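Note: the block below is query-v5.pdb and it holds PDB, N, CA and C atoms.
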ATOM      1  N   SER A  27      -6.402  -1.009  -7.563
ATOM      2  CA  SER A  27      -7.216  -1.935  -8.340
ATOM      3  C   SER A  27      -6.338  -2.922  -9.100
ATOM      4  N   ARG A  28      -5.113  -2.499  -9.416
ATOM      5  CA  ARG A  28      -4.163  -3.401 -10.059
ATOM      6  C   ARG A  28      -3.734  -4.514  -9.112
ATOM      7  N   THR A  29      -3.464  -4.174  -7.850
ATOM      8  CA  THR A  29      -2.999  -5.180  -6.903
ATOM      9  C   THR A  29      -4.078  -6.224  -6.642
ATOM     10  N   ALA A  30      -5.336  -5.793  -6.541
ATOM     11  CA  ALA A  30      -6.428  -6.744  -6.361
ATOM     12  C   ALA A  30      -6.559  -7.663  -7.568
ATOM     13  N   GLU A  31      -6.416  -7.109  -8.775
ATOM     14  CA  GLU A  31      -6.504  -7.927  -9.979
ATOM     15  C   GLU A  31      -5.370  -8.940 -10.021
ATOM     16  N   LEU A  32      -4.162  -8.512  -9.653
ATOM     17  CA  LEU A  32      -3.029  -9.428  -9.594
ATOM     18  C   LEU A  32      -3.271 -10.537  -8.579
ATOM     19  N   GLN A  33      -3.813 -10.184  -7.413
ATOM     20  CA  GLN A  33      -4.137 -11.195  -6.412
ATOM     21  C   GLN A  33      -5.147 -12.192  -6.960
ATOM     22  N   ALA A  34      -6.180 -11.694  -7.643
ATOM     23  CA  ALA A  34      -7.191 -12.577  -8.212
ATOM     24  C   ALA A  34      -6.579 -13.500  -9.255
ATOM     25  N   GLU A  35      -5.705 -12.959 -10.107
ATOM     26  CA  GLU A  35      -5.087 -13.771 -11.149
ATOM     27  C   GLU A  35      -4.207 -14.851 -10.541
ATOM     28  N   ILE A  36      -3.464 -14.504  -9.490
ATOM     29  CA  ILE A  36      -2.643 -15.495  -8.805
ATOM     30  C   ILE A  36      -3.522 -16.578  -8.199
ATOM     31  N   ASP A  37      -4.637 -16.181  -7.587
ATOM     32  CA  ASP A  37      -5.552 -17.159  -7.009
ATOM     33  C   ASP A  37      -6.094 -18.100  -8.082
ATOM     34  N   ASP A  38      -6.435 -17.557  -9.250
ATOM     35  CA  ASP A  38      -6.955 -18.389 -10.331
ATOM     36  C   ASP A  38      -5.901 -19.363 -10.849
ATOM     37  N   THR A  39      -4.655 -18.903 -10.991
ATOM     38  CA  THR A  39      -3.597 -19.812 -11.420
ATOM     39  C   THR A  39      -3.398 -20.908 -10.389
ATOM     40  N   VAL A  40      -3.484 -20.541  -9.110
ATOM     41  CA  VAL A  40      -3.444 -21.533  -8.045
ATOM     42  C   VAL A  40      -4.557 -22.555  -8.247
ATOM     43  N   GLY A  41      -5.770 -22.100  -8.561
ATOM     44  CA  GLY A  41      -6.864 -23.049  -8.740
ATOM     45  C   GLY A  41      -6.640 -24.018  -9.892
ATOM     46  N   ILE A  42      -6.257 -23.472 -11.054
ATOM     47  CA  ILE A  42      -5.993 -24.292 -12.240
ATOM     48  C   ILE A  42      -4.966 -25.352 -11.893
ATOM     49  N   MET A  43      -3.963 -24.956 -11.142
ATOM     50  CA  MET A  43      -2.816 -25.809 -10.957
ATOM     51  C   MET A  43      -2.968 -26.750  -9.753
ATOM     52  N   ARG A  44      -3.855 -26.443  -8.795
ATOM     53  CA  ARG A  44      -4.294 -27.475  -7.852
ATOM     54  C   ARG A  44      -4.955 -28.612  -8.624
ATOM     55  N   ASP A  45      -5.799 -28.252  -9.598
ATOM     56  CA  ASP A  45      -6.355 -29.282 -10.468
ATOM     57  C   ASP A  45      -5.238 -30.024 -11.201
TER      58      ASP A  45
ATOM     59  N   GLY B 169      12.065  51.677   7.317
ATOM     60  CA  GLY B 169      13.180  51.092   8.037
ATOM     61  C   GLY B 169      12.722  49.983   8.960
ATOM     62  N   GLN B 170      12.451  48.810   8.391
ATOM     63  CA  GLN B 170      12.030  47.616   9.118
ATOM     64  C   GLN B 170      12.265  46.386   8.256
ATOM     65  N   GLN B 171      12.517  45.263   8.923
ATOM     66  CA  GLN B 171      12.626  43.951   8.304
ATOM     67  C   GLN B 171      11.811  42.993   9.153
ATOM     68  N   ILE B 172      11.273  41.945   8.538
ATOM     69  CA  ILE B 172      10.670  40.853   9.291
ATOM     70  C   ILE B 172      11.072  39.501   8.722
ATOM     71  N   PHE B 173      11.026  38.479   9.581
ATOM     72  CA  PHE B 173      11.079  37.084   9.167
ATOM     73  C   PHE B 173       9.673  36.549   8.892
ATOM     74  N   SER B 174       9.578  35.250   8.600
ATOM     75  CA  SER B 174       8.296  34.557   8.625
ATOM     76  C   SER B 174       8.478  33.104   9.036
ATOM     77  N   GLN B 175       7.452  32.562   9.690
ATOM     78  CA  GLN B 175       7.378  31.150  10.047
ATOM     79  C   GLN B 175       6.293  30.468   9.228
ATOM     80  N   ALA B 176       6.615  29.310   8.658
ATOM     81  CA  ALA B 176       5.610  28.495   7.993
ATOM     82  C   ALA B 176       4.841  27.607   8.965
ATOM     83  N   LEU B 177       3.576  27.360   8.627
ATOM     84  CA  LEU B 177       2.776  26.292   9.214
ATOM     85  C   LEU B 177       2.580  25.198   8.179
ATOM     86  N   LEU B 178       2.979  23.977   8.522
ATOM     87  CA  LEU B 178       3.170  22.962   7.496
ATOM     88  C   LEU B 178       1.827  22.556   6.909
ATOM     89  N   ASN B 179       0.810  22.453   7.763
ATOM     90  CA  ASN B 179      -0.522  22.014   7.372
ATOM     91  C   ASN B 179      -0.417  20.679   6.636
ATOM     92  N   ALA B 180      -1.116  20.497   5.505
ATOM     93  CA  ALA B 180      -1.298  19.164   4.926
ATOM     94  C   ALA B 180      -1.822  18.217   5.997
ATOM     95  N   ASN B 181      -2.671  18.770   6.856
ATOM     96  CA  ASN B 181      -3.132  18.128   8.070
ATOM     97  C   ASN B 181      -4.119  17.004   7.823
ATOM     98  N   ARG B 182      -4.620  16.825   6.602
ATOM     99  CA  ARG B 182      -5.407  15.626   6.348
ATOM    100  C   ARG B 182      -4.514  14.405   6.514
ATOM    101  N   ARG B 183      -3.316  14.460   5.926
ATOM    102  CA  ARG B 183      -2.342  13.386   6.089
ATOM    103  C   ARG B 183      -1.859  13.326   7.530
ATOM    104  N   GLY B 184      -1.514  14.487   8.075
ATOM    105  CA  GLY B 184      -0.998  14.618   9.419
ATOM    106  C   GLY B 184      -1.938  14.158  10.509
ATOM    107  N   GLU B 185      -3.239  14.107  10.224
ATOM    108  CA  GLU B 185      -4.191  13.605  11.204
ATOM    109  C   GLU B 185      -3.853  12.159  11.508
ATOM    110  N   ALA B 186      -3.513  11.410  10.475
ATOM    111  CA  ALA B 186      -3.058  10.044  10.614
ATOM    112  C   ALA B 186      -1.547  10.201  10.756
ATOM    113  N   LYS B 187      -0.794   9.104  10.753
ATOM    114  CA  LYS B 187       0.663   9.211  10.779
ATOM    115  C   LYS B 187       1.165  10.213   9.739
ATOM    116  N   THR B 188       0.875   9.966   8.458
ATOM    117  CA  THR B 188       1.185  10.873   7.349
ATOM    118  C   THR B 188       0.520  10.237   6.115
ATOM    119  N   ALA B 189       1.222   9.483   5.275
ATOM    120  CA  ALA B 189       0.640   8.828   4.108
ATOM    121  C   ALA B 189       0.342   7.367   4.436
ATOM    122  N   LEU B 190      -0.944   7.038   4.607
ATOM    123  CA  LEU B 190      -1.365   5.664   4.874
ATOM    124  C   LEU B 190      -2.488   5.211   3.948
ATOM    125  N   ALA B 191      -2.728   5.927   2.851
ATOM    126  CA  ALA B 191      -3.850   5.591   1.980
ATOM    127  C   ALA B 191      -3.523   4.382   1.108
ATOM    128  N   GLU B 192      -2.471   4.493   0.303
ATOM    129  CA  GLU B 192      -1.990   3.435  -0.579
ATOM    130  C   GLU B 192      -0.582   3.011  -0.181
ATOM    131  N   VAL B 193      -0.287   3.105   1.112
ATOM    132  CA  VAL B 193       1.029   2.819   1.661
ATOM    133  C   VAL B 193       0.899   1.659   2.643
ATOM    134  N   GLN B 194       0.104   1.853   3.694
ATOM    135  CA  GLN B 194      -0.107   0.817   4.698
ATOM    136  C   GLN B 194      -1.049  -0.288   4.209
ATOM    137  N   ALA B 195      -2.043   0.074   3.391
ATOM    138  CA  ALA B 195      -2.900  -0.915   2.739
ATOM    139  C   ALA B 195      -2.123  -1.749   1.734
ATOM    140  N   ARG B 196      -1.186  -1.120   1.026
ATOM    141  CA  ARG B 196      -0.410  -1.868   0.051
ATOM    142  C   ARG B 196       0.351  -2.970   0.764
ATOM    143  N   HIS B 197       1.013  -2.620   1.868
ATOM    144  CA  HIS B 197       1.700  -3.622   2.671
ATOM    145  C   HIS B 197       0.745  -4.726   3.100
ATOM    146  N   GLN B 198      -0.411  -4.346   3.661
ATOM    147  CA  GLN B 198      -1.420  -5.337   4.040
ATOM    148  C   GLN B 198      -1.673  -6.380   2.949
ATOM    149  N   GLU B 199      -1.933  -5.942   1.714
ATOM    150  CA  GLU B 199      -2.331  -6.889   0.669
ATOM    151  C   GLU B 199      -1.136  -7.522  -0.033
ATOM    152  N   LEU B 200       0.061  -7.042   0.254
ATOM    153  CA  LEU B 200       1.226  -7.496  -0.476
ATOM    154  C   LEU B 200       1.764  -8.763   0.182
ATOM    155  N   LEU B 201       1.654  -8.846   1.507
ATOM    156  CA  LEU B 201       1.984 -10.092   2.186
ATOM    157  C   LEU B 201       1.027 -11.190   1.741
ATOM    158  N   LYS B 202      -0.241 -10.834   1.515
ATOM    159  CA  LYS B 202      -1.201 -11.797   0.986
ATOM    160  C   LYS B 202      -0.748 -12.305  -0.375
ATOM    161  N   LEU B 203      -0.247 -11.395  -1.219
ATOM    162  CA  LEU B 203       0.318 -11.832  -2.494
ATOM    163  C   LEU B 203       1.457 -12.813  -2.243
ATOM    164  N   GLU B 204       2.296 -12.516  -1.249
ATOM    165  CA  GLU B 204       3.451 -13.363  -0.951
ATOM    166  C   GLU B 204       3.031 -14.766  -0.532
ATOM    167  N   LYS B 205       2.043 -14.865   0.356
ATOM    168  CA  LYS B 205       1.555 -16.176   0.783
ATOM    169  C   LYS B 205       0.949 -16.956  -0.376
ATOM    170  N   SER B 206       0.138 -16.294  -1.205
ATOM    171  CA  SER B 206      -0.475 -17.018  -2.311
ATOM    172  C   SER B 206       0.587 -17.489  -3.291
ATOM    173  N   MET B 207       1.576 -16.645  -3.582
ATOM    174  CA  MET B 207       2.657 -17.085  -4.453
ATOM    175  C   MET B 207       3.450 -18.226  -3.832
ATOM    176  N   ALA B 208       3.667 -18.191  -2.515
ATOM    177  CA  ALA B 208       4.352 -19.305  -1.869
ATOM    178  C   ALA B 208       3.590 -20.591  -2.130
ATOM    179  N   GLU B 209       2.268 -20.542  -1.994
ATOM    180  CA  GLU B 209       1.457 -21.716  -2.306
ATOM    181  C   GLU B 209       1.586 -22.120  -3.774
ATOM    182  N   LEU B 210       1.606 -21.144  -4.687
ATOM    183  CA  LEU B 210       1.675 -21.478  -6.110
ATOM    184  C   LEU B 210       2.992 -22.163  -6.444
ATOM    185  N   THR B 211       4.095 -21.622  -5.937
ATOM    186  CA  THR B 211       5.387 -22.255  -6.158
ATOM    187  C   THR B 211       5.438 -23.607  -5.454
ATOM    188  N   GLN B 212       4.826 -23.736  -4.271
ATOM    189  CA  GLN B 212       4.826 -25.051  -3.631
ATOM    190  C   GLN B 212       4.104 -26.075  -4.494
TER     191      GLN B 212
END
Turn this file's structure into structure tokens for me.
Amino acid sequence: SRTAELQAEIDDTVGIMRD
Amino acid sequence: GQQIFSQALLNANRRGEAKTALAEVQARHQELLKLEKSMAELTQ
């Protein structure tokens, strides 16, 4: 569950920073 | 006046049914390359 959360957090940072 | 040896049977056959440990081992690898690709994109 930690690895999935880390993946989600990385995806969100990717989203913020594409913006 | 007698002695005997003994032989073990390893069992743990739930793991042994598959290769051995693939629960949080082979899946971890699966999702870890995904982490690698997403991080590659983030650094790019």
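Note that the spacing between CA of residue 31 in chain A and atom N of residue 188 in chain B amounts to 26.7 Å.
Near chain A, within 6.5 Å and counting only N, CA and C atoms, the residues of chain B are residues 203, 206 and 210 of chain B.
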Run DSSP on the backbone of this structure and report the residues of chain B it assigns to helix (DSSP H, G or I), as number ranges by chain. B: 181-185, 194-211
Quick one: pull the distance between CA of residue 196 in chain B and CA of residue 178 in chain B, Å, one decimal. 26.2 Å
